[PDB]
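Two separate entries follow, structure 1 and structure 2, each one form of the same protein chain as structure tokens.
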Structure 1
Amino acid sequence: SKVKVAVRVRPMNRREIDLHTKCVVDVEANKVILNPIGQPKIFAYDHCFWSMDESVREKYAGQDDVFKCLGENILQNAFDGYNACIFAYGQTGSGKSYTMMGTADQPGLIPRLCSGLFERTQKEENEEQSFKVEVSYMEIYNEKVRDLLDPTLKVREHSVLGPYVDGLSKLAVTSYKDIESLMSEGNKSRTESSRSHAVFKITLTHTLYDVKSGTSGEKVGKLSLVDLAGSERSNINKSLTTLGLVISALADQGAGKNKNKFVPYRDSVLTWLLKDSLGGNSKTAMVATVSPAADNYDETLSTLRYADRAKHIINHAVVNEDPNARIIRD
């Protein structure tokens, strides 16, 4: 399938309203219209999320709509044993962290995903099937990896299971409250700059039992939830710069231009780690966050064009299940 792309326009904030900064971003169904400060530029996406204002009610509905449209499907992907990824991309201040983690009063994608995961595993556990959940949480800053769950580490690409951070804590968790204290520990530990990338990973291992045979098999879904550094324009930006190159090359592939243009996955820590998320074995969505007002026109236009190329990336997601699991279905 193609990478799924959504644009989320955050509302005009207090400064932009106080100072009468012109709003240049309109949302029209699944299209974004960027008006000039000559002609309007129109971009089409899979979803567009918009907010009328920052009233408490519009905040509640905004986080809810994002989860309903993007989180439920990614959660279902993991219960089907797919690898899946949501990454948030856009300039500083545009709403990346608000979309992924949210706030205490307006929780975002990650807490909602974690809550729904344990509610479903608990509802669905029985004597024919059990679930194991593990989490990891890490940050890339200045091309170095740090374990946010540990009070440094290097990337390796496994021959079958893909790129991974070797030495990274991968913790078994049995309830939402367990994962919540880890999220809270990680979020406090995050370095506080717009130049760091944070990767939250959940591995869902579904074991199926054939009590007549005495056999069992595992189907494994993996969720990568990525809150990127701000897209606004050496070793400190290398990951972001290389992500742009990777997305542009892959978009060119997924249209016919350059069958084997060089996709520089290994030129940065971030793109090597997300190598399967982009063009590989993954159900992947991008959430491109943009600011609404005239003062960010060019950065918005850049984010919109990058999101527009991402939707041409072709992925190849297959179910990750061992031999027994496949047959135990029927």
Structure 2
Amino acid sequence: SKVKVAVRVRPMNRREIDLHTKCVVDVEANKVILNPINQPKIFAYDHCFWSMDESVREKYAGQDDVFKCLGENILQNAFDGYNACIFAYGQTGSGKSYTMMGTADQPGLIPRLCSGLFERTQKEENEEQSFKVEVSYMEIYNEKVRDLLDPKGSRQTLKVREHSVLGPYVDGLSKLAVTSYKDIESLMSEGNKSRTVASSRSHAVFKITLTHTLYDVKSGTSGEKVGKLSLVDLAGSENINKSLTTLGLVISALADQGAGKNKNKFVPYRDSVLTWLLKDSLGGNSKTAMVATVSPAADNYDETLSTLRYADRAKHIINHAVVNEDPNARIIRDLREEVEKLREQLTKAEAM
């Protein structure tokens, strides 16, 4: 598990069509080549989604093209009891919301994972397996946390705590159990609503929990696997930017390790509430992926190079995803083997 990095290129926006601004980005399979405005810097990633002109065949990547490559991965991960995570990263206007959430006519990953999760939760209920789904949705702005699923609209601040069983958590963040996609969307389109202005410097964290119960009908016992999917919508990469810049720190420190540099210096998860809550999604117990979104416009070249050079560093982060099973089952297994080993040493010592 190294962090999987996609790059998505959006179409030229209206001003750029009018001004006939020049394309400096191009895509060749999984390579994206940053041309000079006038040296052409070339980067390679896991995927490269060219979303520039719909009227193409082999090239165009629409929203369900993005979902087959990434949403289908994180979905499989959940059912196998993994923590998964997708960050959208890049400048304002480059397309972070379109990819995460989409528009009403072009749904992004979040409505498509939700739709496809209940479609697969419903298809595998079978008297040996059940599934409970909880959902949470928090926004972070100015290093404060708000609950976007709060129906009273308080926009109250919730404090972050640490825990020896949960880890860092937001105290009083609602987790809403949900049984159909219509349950969430009737809370969560109001969560996309309840977002600040002056609007692009806040991060949205959407977290879905899948509890997979499994039944040993022969043994009569039951266990539970839990996956957690976190869909993270960052502020624009272009005390208001403490989280974003700390997230810069933490991606380089990690990318340096595995590359074997500063193996002994500690990753500063602690400093911003964003890096500290997503501690585990960054070099921890998480199948994590990143979507660097870029504008192809030549007027954006500098933030585009920033974003391509973050995306290139994040691909060197090593993850430690394990399956969130029950500690006890393996403790019993190894205790029983000591009993068997010790019972043999007993009859291997009666002869004395």
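Numbering runs along the sequence of structure 1, starting at 1. So that the term is clear: the rigid core is the largest set of C-alpha atoms that superpose within 1.5 Å between two forms.
- For the residues 93, 111, 162, 217, superposed on the rigid core between the two structures, a C-alpha shift of 2 angstroms or more shows up only at 162.
- Core-aligned CA deviation for residue 44 between the two structures: less than 2 Å.
- A movement of the C-alpha atom of residue 58 reaching 2 angstroms or beyond is seen between the two structures when the two forms are aligned on their rigid core.
- Relative to the superposed core, residue 320 moves its CA by 0.4 Å between the two structures.
- Superposing the rigid core and comparing between the two structures gives a CA shift of 2.1 Å at residue 254.
- Relative to the superposed rigid core, residue 20 shifts its CA by 1.0 Å between the two structures.
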